[PDB]
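Here is upload.cif, consisting of mmCIF, C-alpha atoms and all ligand atoms:
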```cif
data_run
#
loop_
_atom_site.label_atom_id
_atom_site.label_comp_id
_atom_site.auth_asym_id
_atom_site.auth_seq_id
_atom_site.Cartn_x
_atom_site.Cartn_y
_atom_site.Cartn_z
CA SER M 78 4.27 26.99 6.38
CA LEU M 79 5.19 23.47 5.23
CA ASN M 80 3.99 22.87 1.63
CA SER M 81 3.35 19.17 1.24
CA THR M 82 3.02 19.34 -2.58
CA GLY M 83 6.49 20.89 -2.90
CA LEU M 84 8.04 18.39 -0.50
CA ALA M 85 6.36 15.43 -2.23
CA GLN M 86 7.86 16.63 -5.53
CA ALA M 87 11.32 17.02 -3.97
CA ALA M 88 11.05 13.53 -2.47
CA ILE M 89 10.02 12.07 -5.86
CA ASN M 90 12.99 13.84 -7.46
CA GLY M 91 15.22 12.27 -4.81
CA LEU M 92 13.67 8.87 -5.45
CA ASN M 93 14.43 9.29 -9.15
CA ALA M 94 17.96 10.71 -8.83
CA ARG M 95 19.21 7.94 -6.55
CA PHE M 96 17.07 4.94 -7.50
CA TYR M 97 15.39 5.15 -10.93
CA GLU M 98 16.91 2.93 -13.64
CA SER M 99 16.03 4.42 -17.07
CA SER M 100 17.23 1.37 -19.00
CA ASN M 101 14.98 -0.85 -16.87
CA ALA M 102 11.89 1.38 -16.34
CA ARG M 103 12.11 0.47 -12.66
CA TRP M 104 13.44 1.79 -9.34
CA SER M 105 16.22 -0.19 -7.65
CA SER M 106 16.38 -3.59 -9.33
CA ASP M 107 18.33 -4.60 -6.20
CA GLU M 108 15.12 -4.14 -4.14
CA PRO M 109 11.93 -6.23 -4.26
CA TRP M 110 9.87 -5.71 -7.40
CA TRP M 111 6.62 -5.13 -5.49
CA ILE M 112 8.16 -2.04 -3.91
CA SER M 113 8.54 -0.46 -7.36
CA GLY M 114 4.76 -0.98 -7.53
CA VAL M 115 4.29 0.89 -4.27
CA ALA M 116 6.60 3.67 -5.51
CA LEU M 117 4.53 3.92 -8.70
CA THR M 118 1.42 4.21 -6.53
CA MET M 119 3.01 7.12 -4.64
CA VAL M 120 3.97 8.98 -7.81
CA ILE M 121 0.50 8.40 -9.32
CA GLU M 122 -1.19 9.61 -6.12
CA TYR M 123 1.01 12.71 -6.04
CA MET M 124 -0.24 13.53 -9.51
CA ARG M 125 -3.86 12.82 -8.61
CA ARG M 126 -3.94 14.93 -5.46
CA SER M 127 -1.76 17.79 -6.71
CA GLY M 128 -2.98 18.01 -10.31
CA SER M 129 0.52 17.73 -11.77
CA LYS M 130 1.30 15.54 -14.78
CA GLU M 131 5.05 16.03 -14.32
CA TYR M 132 5.83 12.30 -13.98
CA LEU M 133 3.17 10.91 -16.35
CA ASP M 134 5.59 9.94 -19.13
CA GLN M 135 7.86 8.16 -16.65
CA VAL M 136 4.95 6.28 -15.06
CA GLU M 137 3.72 5.17 -18.48
CA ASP M 138 7.24 3.90 -19.26
CA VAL M 139 7.37 1.91 -16.00
CA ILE M 140 3.94 0.39 -16.65
CA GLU M 141 4.80 -0.57 -20.26
CA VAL M 142 7.98 -2.42 -19.25
CA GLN M 143 6.85 -3.87 -15.91
CA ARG M 144 3.61 -5.23 -17.43
CA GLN M 145 5.69 -7.59 -19.57
CA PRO M 146 5.88 -11.30 -18.65
CA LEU M 147 8.09 -11.50 -15.57
CA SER M 148 11.34 -13.36 -16.14
CA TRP M 149 10.86 -15.06 -12.74
CA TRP M 150 7.18 -15.99 -13.37
CA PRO M 151 6.54 -16.35 -17.12
CA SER M 152 3.46 -18.55 -16.54
CA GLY M 153 1.79 -15.41 -15.11
CA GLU M 154 1.82 -14.02 -18.73
CA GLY M 155 2.63 -10.46 -17.58
CA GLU M 156 0.06 -7.81 -16.75
CA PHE M 157 1.67 -7.92 -13.25
CA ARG M 158 0.56 -11.52 -12.60
CA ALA M 159 3.47 -12.61 -10.41
CA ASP M 160 4.58 -15.58 -8.31
CA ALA M 161 2.85 -14.19 -5.17
CA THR M 162 -0.65 -12.77 -4.84
CA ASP M 163 0.46 -9.76 -2.82
CA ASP M 164 3.06 -8.66 -5.44
CA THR M 165 0.27 -8.76 -8.05
CA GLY M 166 -2.02 -6.90 -5.66
CA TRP M 167 0.28 -3.87 -5.19
CA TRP M 168 0.52 -3.31 -8.94
CA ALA M 169 -3.19 -3.99 -9.40
CA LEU M 170 -4.05 -1.21 -6.99
CA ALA M 171 -1.49 1.03 -8.67
CA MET M 172 -3.44 0.39 -11.88
CA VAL M 173 -6.72 1.37 -10.14
CA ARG M 174 -5.12 4.69 -9.20
CA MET M 175 -3.75 5.15 -12.72
CA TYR M 176 -7.28 4.58 -14.04
CA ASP M 177 -8.52 7.18 -11.52
CA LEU M 178 -5.85 9.59 -12.72
CA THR M 179 -6.29 9.17 -16.52
CA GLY M 180 -9.70 7.63 -17.22
CA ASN M 181 -7.85 5.24 -19.58
CA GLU M 182 -9.70 1.91 -19.58
CA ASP M 183 -6.46 0.01 -20.36
CA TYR M 184 -5.40 0.38 -16.68
CA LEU M 185 -8.78 -0.73 -15.36
CA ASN M 186 -8.60 -3.83 -17.60
CA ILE M 187 -5.24 -4.73 -16.06
CA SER M 188 -6.77 -4.48 -12.55
CA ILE M 189 -9.56 -6.81 -13.69
CA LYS M 190 -7.04 -9.36 -15.00
CA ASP M 191 -5.18 -9.07 -11.69
CA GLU M 192 -8.34 -9.74 -9.64
CA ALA M 193 -9.13 -12.89 -11.66
CA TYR M 194 -5.54 -14.13 -11.31
CA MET M 195 -5.42 -13.57 -7.52
CA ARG M 196 -8.84 -15.25 -7.00
CA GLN M 197 -7.35 -18.53 -8.26
CA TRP M 198 -5.69 -18.90 -4.85
CA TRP M 199 -8.78 -18.19 -2.81
CA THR M 200 -10.02 -21.39 -1.15
CA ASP M 201 -13.04 -22.11 1.07
CA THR M 202 -11.40 -25.38 2.02
CA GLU M 203 -8.88 -23.90 4.49
CA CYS M 204 -9.76 -21.16 7.00
CA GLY M 205 -13.27 -20.92 5.60
CA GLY M 206 -11.96 -18.55 2.90
CA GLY M 207 -9.17 -16.07 2.12
CA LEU M 208 -6.33 -16.45 -0.35
CA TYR M 209 -2.76 -17.70 -0.06
CA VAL M 210 0.18 -15.32 -0.52
CA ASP M 211 2.72 -17.88 -1.77
CA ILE M 212 1.45 -19.32 -5.06
CA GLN M 213 4.10 -21.98 -5.42
CA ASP M 214 3.58 -23.40 -1.90
CA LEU M 215 0.12 -22.50 -0.49
CA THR M 216 1.12 -22.48 3.19
CA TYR M 217 0.26 -18.94 4.35
CA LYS M 218 -2.97 -16.97 4.33
CA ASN M 219 -1.70 -13.64 5.64
CA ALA M 220 -3.16 -10.21 6.30
CA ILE M 221 -1.48 -8.20 3.54
CA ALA M 222 -2.45 -10.41 0.56
CA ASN M 223 -6.03 -10.54 1.78
CA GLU M 224 -6.19 -6.79 2.47
CA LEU M 225 -4.85 -6.04 -1.03
CA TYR M 226 -7.33 -8.46 -2.55
CA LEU M 227 -10.20 -6.94 -0.56
CA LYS M 228 -9.25 -3.39 -1.51
CA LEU M 229 -8.98 -4.49 -5.19
CA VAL M 230 -12.41 -6.17 -5.45
CA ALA M 231 -13.96 -3.29 -3.52
CA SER M 232 -12.27 -0.82 -5.88
CA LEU M 233 -13.66 -2.73 -8.88
CA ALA M 234 -17.15 -2.70 -7.32
CA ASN M 235 -17.03 1.07 -7.81
CA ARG M 236 -15.45 1.14 -11.27
CA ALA M 237 -15.79 -2.03 -13.35
CA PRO M 238 -18.68 -2.82 -15.73
CA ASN M 239 -19.63 -6.15 -14.04
CA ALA M 240 -19.71 -4.27 -10.78
CA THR M 241 -22.01 -6.59 -8.81
CA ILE M 242 -19.82 -9.71 -8.82
CA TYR M 243 -17.05 -7.50 -7.40
CA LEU M 244 -19.38 -6.08 -4.75
CA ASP M 245 -20.46 -9.58 -3.68
CA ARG M 246 -16.82 -10.70 -3.55
CA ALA M 247 -15.81 -7.62 -1.54
CA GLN M 248 -18.63 -8.08 1.00
CA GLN M 249 -17.82 -11.77 1.35
CA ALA M 250 -14.10 -11.08 1.65
CA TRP M 251 -14.69 -8.51 4.38
CA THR M 252 -17.01 -10.94 6.19
CA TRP M 253 -14.27 -13.58 6.00
CA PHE M 254 -11.54 -11.15 7.13
CA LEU M 255 -13.58 -9.89 10.09
CA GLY M 256 -14.39 -13.46 11.07
CA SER M 257 -10.82 -14.78 10.64
CA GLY M 258 -9.57 -13.45 14.03
CA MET M 259 -6.65 -11.49 12.50
CA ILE M 260 -8.26 -8.33 13.92
CA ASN M 261 -7.32 -8.72 17.58
CA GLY M 262 -8.69 -7.52 20.90
CA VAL M 263 -7.34 -3.96 20.56
CA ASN M 264 -8.64 -3.70 16.93
CA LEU M 265 -5.23 -4.12 15.32
CA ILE M 266 -4.27 -6.67 12.71
CA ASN M 267 -1.65 -9.36 13.27
CA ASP M 268 0.44 -10.74 10.45
CA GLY M 269 -1.73 -13.69 9.42
CA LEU M 270 -3.30 -17.06 10.17
CA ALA M 271 -1.77 -20.26 11.54
CA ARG M 272 -3.49 -23.59 10.95
CA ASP M 273 -4.18 -26.19 13.64
CA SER M 274 -2.30 -29.45 13.23
CA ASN M 275 -5.05 -31.90 14.16
CA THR M 276 -8.22 -30.00 13.27
CA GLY M 277 -7.66 -27.66 10.32
CA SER M 278 -9.02 -24.66 12.19
CA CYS M 279 -7.17 -21.38 11.65
CA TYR M 280 -6.23 -18.75 14.18
CA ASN M 281 -4.42 -15.45 14.56
CA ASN M 282 -0.71 -16.40 14.47
CA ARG M 283 0.16 -13.45 16.80
CA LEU M 284 3.09 -12.39 14.57
CA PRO M 285 3.79 -8.63 14.64
CA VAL M 286 1.41 -5.74 14.07
CA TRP M 287 2.84 -4.02 10.97
CA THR M 288 1.67 -0.54 10.02
CA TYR M 289 0.81 -1.36 6.39
CA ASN M 290 -1.57 -4.10 7.65
CA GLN M 291 -3.47 -1.37 9.51
CA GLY M 292 -3.57 0.74 6.35
CA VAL M 293 -4.53 -1.21 3.20
CA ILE M 294 -7.62 -2.43 5.13
CA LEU M 295 -8.75 1.18 5.65
CA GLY M 296 -8.70 1.87 1.91
CA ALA M 297 -10.69 -1.32 1.33
CA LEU M 298 -13.34 -0.27 3.85
CA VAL M 299 -13.48 3.19 2.28
CA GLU M 300 -14.21 1.64 -1.11
CA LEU M 301 -16.85 -0.61 0.48
CA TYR M 302 -18.44 2.50 1.95
CA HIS M 303 -18.46 4.16 -1.48
CA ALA M 304 -19.97 1.03 -3.08
CA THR M 305 -22.72 0.68 -0.42
CA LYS M 306 -23.10 4.08 1.34
CA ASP M 307 -23.11 2.05 4.58
CA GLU M 308 -21.18 4.02 7.22
CA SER M 309 -20.63 0.86 9.27
CA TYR M 310 -17.68 0.24 6.93
CA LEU M 311 -16.27 3.64 7.92
CA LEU M 312 -16.91 2.85 11.58
CA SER M 313 -14.82 -0.32 11.42
CA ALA M 314 -12.09 1.57 9.56
CA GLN M 315 -12.11 4.32 12.17
CA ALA M 316 -11.74 1.75 14.95
CA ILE M 317 -8.57 0.36 13.36
CA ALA M 318 -7.09 3.80 12.67
CA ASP M 319 -7.97 5.00 16.20
CA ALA M 320 -6.07 2.01 17.62
CA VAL M 321 -2.97 2.96 15.56
CA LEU M 322 -3.15 6.56 16.75
CA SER M 323 -3.42 5.49 20.41
CA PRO M 324 0.02 5.65 22.12
CA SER M 325 -1.06 2.74 24.35
CA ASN M 326 -0.68 0.35 21.41
CA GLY M 327 2.92 1.39 20.71
CA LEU M 328 2.66 2.23 17.00
CA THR M 329 2.47 5.93 17.93
CA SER M 330 5.34 7.31 20.01
CA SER M 331 4.99 9.67 22.95
CA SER M 332 5.99 12.32 20.39
CA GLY M 333 2.95 11.27 18.39
CA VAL M 334 5.03 9.83 15.51
CA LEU M 335 4.22 6.64 13.61
CA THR M 336 6.82 4.04 14.53
CA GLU M 337 7.44 0.59 13.07
CA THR M 338 8.00 -2.09 15.68
CA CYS M 339 11.41 -2.91 14.14
CA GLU M 340 12.79 0.67 14.37
CA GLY M 341 13.78 0.37 18.04
CA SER M 342 16.12 -2.55 17.34
CA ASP M 343 17.35 -0.87 14.11
CA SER M 344 16.21 -4.04 12.33
CA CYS M 345 13.75 -2.83 9.67
CA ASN M 346 14.47 -4.83 6.52
CA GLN M 347 13.80 -3.75 2.92
CA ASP M 348 10.11 -4.74 3.17
CA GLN M 349 9.39 -3.13 6.54
CA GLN M 350 11.12 0.08 5.43
CA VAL M 351 8.18 0.94 3.13
CA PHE M 352 5.32 0.07 5.49
CA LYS M 353 4.62 3.43 7.16
CA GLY M 354 3.92 5.51 4.06
CA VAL M 355 1.40 2.93 2.80
CA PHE M 356 -0.45 3.37 6.09
CA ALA M 357 -0.34 7.18 5.80
CA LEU M 358 -1.76 7.24 2.29
CA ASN M 359 -4.60 4.95 3.33
CA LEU M 360 -5.20 7.03 6.48
CA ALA M 361 -5.58 10.08 4.20
CA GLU M 362 -8.22 8.20 2.15
CA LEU M 363 -10.12 7.35 5.36
CA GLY M 364 -9.91 10.95 6.53
CA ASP M 365 -11.29 12.21 3.22
CA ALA M 366 -14.16 9.71 3.36
CA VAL M 367 -15.04 10.54 6.96
CA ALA M 368 -15.02 14.29 6.37
CA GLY M 369 -17.17 13.79 3.26
CA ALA M 370 -19.76 11.62 5.03
CA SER M 371 -20.41 14.24 7.72
CA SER M 372 -21.43 17.88 7.98
CA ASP M 373 -19.28 18.44 11.08
CA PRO M 374 -16.14 20.45 10.16
CA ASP M 375 -14.03 18.69 12.76
CA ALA M 376 -14.81 15.35 10.93
CA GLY M 377 -11.61 13.44 10.25
CA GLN M 378 -9.67 16.25 11.97
CA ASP M 379 -7.72 13.81 14.18
CA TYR M 380 -6.54 11.83 11.15
CA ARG M 381 -5.52 15.05 9.37
CA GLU M 382 -3.65 16.38 12.41
CA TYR M 383 -1.91 13.03 12.84
CA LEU M 384 -0.64 13.12 9.25
CA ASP M 385 0.47 16.72 9.74
CA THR M 386 2.27 15.91 13.00
CA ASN M 387 4.08 13.05 11.30
CA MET M 388 4.97 15.19 8.28
CA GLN M 389 6.63 17.89 10.37
CA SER M 390 8.66 15.33 12.33
CA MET M 391 9.94 13.57 9.22
CA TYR M 392 10.75 16.91 7.54
CA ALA M 393 12.77 18.12 10.55
CA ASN M 394 14.55 14.97 11.78
CA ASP M 395 14.69 12.40 8.93
CA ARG M 396 15.66 14.50 5.89
CA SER M 397 18.84 14.93 3.84
CA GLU M 398 19.38 16.81 0.56
CA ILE M 399 21.26 15.65 -2.52
CA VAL M 400 24.40 17.73 -2.94
CA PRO M 401 24.09 19.38 -6.34
CA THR M 402 27.26 19.66 -8.41
CA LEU M 403 28.68 21.64 -11.30
CA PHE M 404 27.58 18.80 -13.59
CA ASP M 405 24.59 16.93 -12.14
CA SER M 406 22.05 19.59 -11.17
CA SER M 407 19.61 16.97 -9.77
CA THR M 408 17.91 18.19 -6.62
CA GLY M 409 15.64 16.44 -4.17
CA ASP M 410 15.29 15.18 -0.62
CA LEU M 411 16.29 11.77 0.76
CA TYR M 412 14.80 10.00 3.79
CA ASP M 413 15.66 7.29 6.32
CA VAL M 414 13.27 4.82 7.97
CA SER M 415 12.49 6.58 11.26
CA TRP M 416 10.08 9.46 10.93
CA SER M 417 11.53 10.77 14.17
CA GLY M 418 14.99 9.21 14.53
CA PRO M 419 17.96 10.52 12.60
CA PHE M 420 18.84 10.28 8.92
CA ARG M 421 21.65 7.80 8.42
CA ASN M 422 21.03 6.59 4.87
CA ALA M 423 18.37 6.43 2.16
CA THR M 424 17.05 3.33 0.45
CA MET M 425 14.35 3.03 -2.20
CA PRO M 426 11.73 1.57 0.21
CA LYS M 427 12.51 4.24 2.85
CA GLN M 428 12.12 6.92 0.17
CA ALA M 429 8.84 5.51 -1.17
CA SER M 430 7.44 5.52 2.38
CA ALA M 431 8.45 9.16 2.87
CA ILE M 432 6.76 10.21 -0.41
CA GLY M 433 3.61 8.47 0.81
CA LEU M 434 3.52 10.66 3.93
CA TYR M 435 3.83 13.92 1.97
CA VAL M 436 1.20 12.83 -0.57
CA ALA M 437 -1.14 11.92 2.33
CA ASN M 438 -0.95 15.62 3.36
CA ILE M 439 -1.69 17.07 -0.13
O1 LIG M 501 8.55 -8.66 -5.46
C1 LIG M 501 9.40 -9.86 -5.23
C2 LIG M 501 10.30 -10.18 -6.47
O2 LIG M 501 11.34 -9.11 -6.55
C3 LIG M 501 12.56 -9.41 -7.30
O3 LIG M 501 12.97 -8.34 -8.15
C4 LIG M 501 12.56 -10.64 -8.22
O4 LIG M 501 13.89 -11.16 -8.35
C5 LIG M 501 11.72 -11.83 -7.71
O5 LIG M 501 12.50 -13.03 -7.59
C6 LIG M 501 10.98 -11.57 -6.41
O6 LIG M 501 10.04 -12.64 -6.21
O1 LIG M 502 1.44 -18.36 10.61
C1 LIG M 502 1.85 -19.50 9.83
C2 LIG M 502 2.95 -18.99 8.84
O2 LIG M 502 4.12 -18.38 9.57
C3 LIG M 502 5.19 -17.88 8.73
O3 LIG M 502 5.56 -16.48 8.95
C4 LIG M 502 4.92 -18.01 7.18
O4 LIG M 502 6.13 -17.83 6.39
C5 LIG M 502 4.21 -19.38 6.76
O5 LIG M 502 5.07 -20.30 6.05
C6 LIG M 502 3.48 -20.06 7.93
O6 LIG M 502 2.38 -20.84 7.47
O1 LIG M 503 8.12 -8.03 6.86
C1 LIG M 503 6.93 -8.68 7.32
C2 LIG M 503 6.27 -9.42 6.08
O2 LIG M 503 7.13 -10.51 5.71
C3 LIG M 503 6.77 -11.41 4.66
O3 LIG M 503 6.84 -10.83 3.41
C4 LIG M 503 5.31 -11.94 4.90
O4 LIG M 503 5.39 -12.81 6.02
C5 LIG M 503 4.30 -10.83 5.36
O5 LIG M 503 3.05 -11.42 5.90
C6 LIG M 503 4.91 -9.91 6.46
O6 LIG M 503 4.08 -8.73 6.78
#
```
Give the structure from the file, written as structure tokens.
Ligand SMILES: OC[C@H]1O[C@H](O)[C@@H](O)[C@@H](O)[C@@H]1O
Ligand SMILES: OC[C@H]1O[C@H](O)[C@@H](O)[C@@H](O)[C@@H]1O
Ligand SMILES: OC[C@H]1O[C@H](O)[C@@H](O)[C@@H](O)[C@@H]1O
Amino acid sequence: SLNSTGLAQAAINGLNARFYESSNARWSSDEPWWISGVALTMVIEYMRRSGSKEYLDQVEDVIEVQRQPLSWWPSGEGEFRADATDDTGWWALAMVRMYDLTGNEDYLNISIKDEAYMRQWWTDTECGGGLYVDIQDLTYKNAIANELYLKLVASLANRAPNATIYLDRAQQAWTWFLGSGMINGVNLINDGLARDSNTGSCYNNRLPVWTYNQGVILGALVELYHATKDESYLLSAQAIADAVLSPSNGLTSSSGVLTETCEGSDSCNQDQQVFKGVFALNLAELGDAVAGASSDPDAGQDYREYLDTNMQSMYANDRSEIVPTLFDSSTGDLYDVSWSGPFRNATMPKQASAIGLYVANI
């Protein structure tokens, strides 16, 4: 009796009432800019899955202003080309979804500019491949920038005119990622690569297993499946998702709820607060691809039940409503970080993550 389209809309209204800045065409300028890109993704995906165009004018406004040359990275020349490859990647994938929503080639073109910009920091000369996250310094090849890159080139292999260079890049990037060692012995992805002092060989740095690094990779593999019709991409994706769902690996509580490793210590910072909903949206993409590739009705049923289980927990334990007034009639729902633990306060990243979970259930 829970309607995920209605709750997604109420969560987007809450996001807007507390965090949207009209004069800036952005949410929460006091929060990292890439998380406005994630938020835009969630709003776009709500519209795609539900069929609403309620927020289209707002999204267009955000795109128009945020595509301008960034005051902190003018040499990027706008179009979301930023001072880190992952920041660019979040907006690039938002533009892929906006293209999917509208069919407007402008958004696809932006994604193509973003891919060419990110590729500049791919090297074969360290780690046999992959790109750096930190453009100014070039010290870290990490999971998230390389997952976003992979999902972007794979997305373009299905949509762009010069589709075969993107397919070759996606297949080579997946080959590199699989061979990097970041996917560990329980099929989960650690934070990134360290580099050996004497030898230049790279290895899994054993930094934490973050939920969004188990999620963006699933979307990439789903796009590789669509570009190739090779289910072995779905089989790898399902292995990573199945590891997340397994309570033995500690991302899934004994209540069956998705749980960031920092929640226990109450230490989730502004980045980590958004991670879970990015995983959920990507898990929904995997579940749709698996159910479509198979005649069995129970196909992808575990992923769908998982998202449902998480949705009901967040709805019941992690929710607070804006108090309407005589003057401001704004309504919506607000959310904290723990999809099981109690609501203490809302932040823009926490809210974006919550919207992601509802949209994953539409
Ligand atoms: O996305 C990260 C980005 O977010 C902030 O809004 C900006 O001030 C930048 O300095 C920073 O690099
Ligand atoms: O794994 C190596 C890596 O660890 C840190 O988390 C990063 O900030 C990088 O500067 C460094 O190269
Ligand atoms: O919050 C964790 C997050 O922190 C930084 O932004 C980078 O080191 C990422 O690789 C990492 O996932």
Inset, instruction - Return as a list in words every polymer residue, whether protein, DNA or RNA, with at least one atom no more than 10 Å from an atom of ligand LIG 501 (chain M); count only C-alpha atoms and all ligand atoms. - result: residues 103, 105, 106, 107, 108, 109, 110, 111, 112, 113, 114, 147, 148, 149, 150, 159, 160, 161, 163, 164, 165, 167 and 348 of chain M
Quick one: contact table of chain M to ligand LIG 503 (chain M), 6 Å max, nearest atom pair and distance in Å to one decimal per residue, counting all atoms listed in the file, chain and number order, as CSV?
```
residue,atom,partner,partner_atom,distance
M:219,CA,M:LIG503,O5,5.2
M:268,CA,M:LIG503,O5,5.3
M:348,CA,M:LIG503,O1,5.3
M:349,CA,M:LIG503,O1,5.1
```
Inset, instruction - Considering all atoms listed in the file, return as an MDAnalysis selection string whatever protein or nucleic-acid residues lie within 7 Å of residue 259 (chain M), sequence-local ones (same chain, fewer than 2 positions apart) excluded. - result: chainID M and resid 257 261 266:267 269:270 281
May I have a table of the residues of chain M lying at most 12 Å from ligand LIG 502 (chain M), giving each one's closest pair of atoms and their distance in Å to one decimal, counting only C-alpha atoms and all ligand atoms, ordered by chain and ascending residue number, as a tab-separated table?
```
residue	atom	partner	partner_atom	distance
M:209	CA	M:LIG502	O6	9.6
M:210	CA	M:LIG502	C5	9.3
M:211	CA	M:LIG502	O5	8.5
M:212	CA	M:LIG502	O5	11.7
M:213	CA	M:LIG502	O5	11.6
M:214	CA	M:LIG502	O5	8.7
M:215	CA	M:LIG502	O6	8.4
M:216	CA	M:LIG502	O6	4.8
M:217	CA	M:LIG502	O6	4.2
M:218	CA	M:LIG502	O6	7.3
M:219	CA	M:LIG502	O1	7.5
M:220	CA	M:LIG502	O1	10.3
M:259	CA	M:LIG502	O1	10.8
M:267	CA	M:LIG502	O1	9.9
M:268	CA	M:LIG502	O1	7.7
M:269	CA	M:LIG502	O1	5.8
M:270	CA	M:LIG502	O1	4.9
M:271	CA	M:LIG502	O1	3.8
M:272	CA	M:LIG502	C1	6.8
M:273	CA	M:LIG502	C1	9.8
M:274	CA	M:LIG502	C1	11.3
M:279	CA	M:LIG502	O1	9.2
M:280	CA	M:LIG502	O1	8.5
M:281	CA	M:LIG502	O1	7.6
M:282	CA	M:LIG502	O1	4.8
M:283	CA	M:LIG502	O1	8.0
M:284	CA	M:LIG502	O1	7.4
M:285	CA	M:LIG502	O3	9.9
```
Inset, instruction - Can you work out the spacing between CA of residue 251 (chain M) and CA of residue 362 (chain M) in Å, to one decimal? - result: 18.1 Å
Inset, instruction - Could you check which of M:290, M:406, M:188, M:78 is closest to residue 243 (chain M), using all atoms listed in the file? - result: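 Smallest separation from residue 243 (chain M) among the options: M:188.
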Inset, instruction - Can you work out the spacing between CA of residue 380 (chain M) and CA of residue 263 (chain M) in Å, to one decimal? - result: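 Atom-to-atom, CA of residue 380 (chain M) to CA of residue 263 (chain M), that is 18.4 Å.
Distance annotation: of M:312, M:352, M:117, M:229, the residue with the minimal separation from residue 288 (chain M) is M:352; atom set is all atoms listed in the file.
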